[PDB]
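In: following this: a sequence and the matching experimental structure.
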Amino acid sequence: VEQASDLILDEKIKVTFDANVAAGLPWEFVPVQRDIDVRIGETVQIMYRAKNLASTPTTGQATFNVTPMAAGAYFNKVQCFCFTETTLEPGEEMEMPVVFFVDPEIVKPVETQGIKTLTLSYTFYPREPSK
């Protein structure tokens with residue numbers, strides 16, 4: 001429950017935040033690190049930041065693949081929507097904290113049964129008017 005010390009068993013499980021960007025979002029979408037580890041539950045704060053480098057406002061509405069393959073379900077980002085890139089005016093600095101961990105429920109089902117490097121492949125590529 002945006003904390004996990006019932007479930008923080010020892011697996012220092014590595015995670016690989018695959019941030020990507022293309023024309024469609026002309027924003028300096030910085031990952032904080034490529035990757036982290038969490039003790040399967042360890043609520044770590046990882047920010048994200050986006051400077052809008054269009055010379056016009058853009059939207060953002062960026063697609064992802066929230067999984068290495070099997071898992072994704074077990075990707076404990078915060079719920080309630082809040083990846084708010086949405087829209088920015090030309091020069092505006094979006095930044096937000098995310099708090100994150102891997103669910104140790106990953107080490108339960110046949111689905112995963114071996115999967116342990118979580119990744120979210122984020123693709124900032126919706127639409128620019130012109131940068």
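Out: That came in fine, so what should we check first? Numbers count the residues shown, from 1 in each chain.
In: look up phi and psi at residue 107.
Out: When read as degrees, to the nearest 10, the backbone of residue 107 gives phi -90, psi 60.
In: look at it and say how many residues are nearby.
Out: Look at residue 107: counted by other Cβ atoms under 10 Å, it has 17 neighbours. (C-beta placed from N, C-alpha, C; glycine too.)
In: and what of residue 81?
Out: 6.
In: what sits up against stretch 5-13?
Out: Applying Cβ atoms under 8 Å, 6 or more residues apart in numbering, the contact partners of stretch 5-13 are 37-42, 102-104, 106-107, 116-118.
In: closest one of those residues to residue 28?
Out: Among the contacts of stretch 5-13, residue 118 lies closest to residue 28 (Cβ to Cβ), at 24.6 Å.
In: ok, now which ones touch that closest one?
Out: Contacts of residue 118 by Cβ under 8 Å, 6+ apart are 13, 15-16, 67-68, 71-72, 74-75, 102, 106.
In: filter those down to the buried ones and express that as a ChimeraX selection.
Out: Buried subset of those, written as a ChimeraX selection, criterion 16 or more other Cβ atoms under 10 Å:
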select :13,15,67,68,71,72,74,75,102,106
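In: can I get the contacts of residue 118 in JSON lines with distance to residue 54 and secondary structure?
Out: JSON lines is the format used below for these (distance: Cβ to Cβ, whole Å; DSSP: H, G, I helix; E, B strand; the rest coil):
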{"residue": "13", "distance to residue 54": "37", "secondary structure": "strand"}
{"residue": "15", "distance to residue 54": "30", "secondary structure": "strand"}
{"residue": "16", "distance to residue 54": "29", "secondary structure": "strand"}
{"residue": "67", "distance to residue 54": "30", "secondary structure": "coil"}
{"residue": "68", "distance to residue 54": "32", "secondary structure": "coil"}
{"residue": "71", "distance to residue 54": "35", "secondary structure": "coil"}
{"residue": "72", "distance to residue 54": "31", "secondary structure": "coil"}
{"residue": "74", "distance to residue 54": "36", "secondary structure": "coil"}
{"residue": "75", "distance to residue 54": "30", "secondary structure": "strand"}
{"residue": "102", "distance to residue 54": "35", "secondary structure": "strand"}
{"residue": "106", "distance to residue 54": "38", "secondary structure": "helix"}
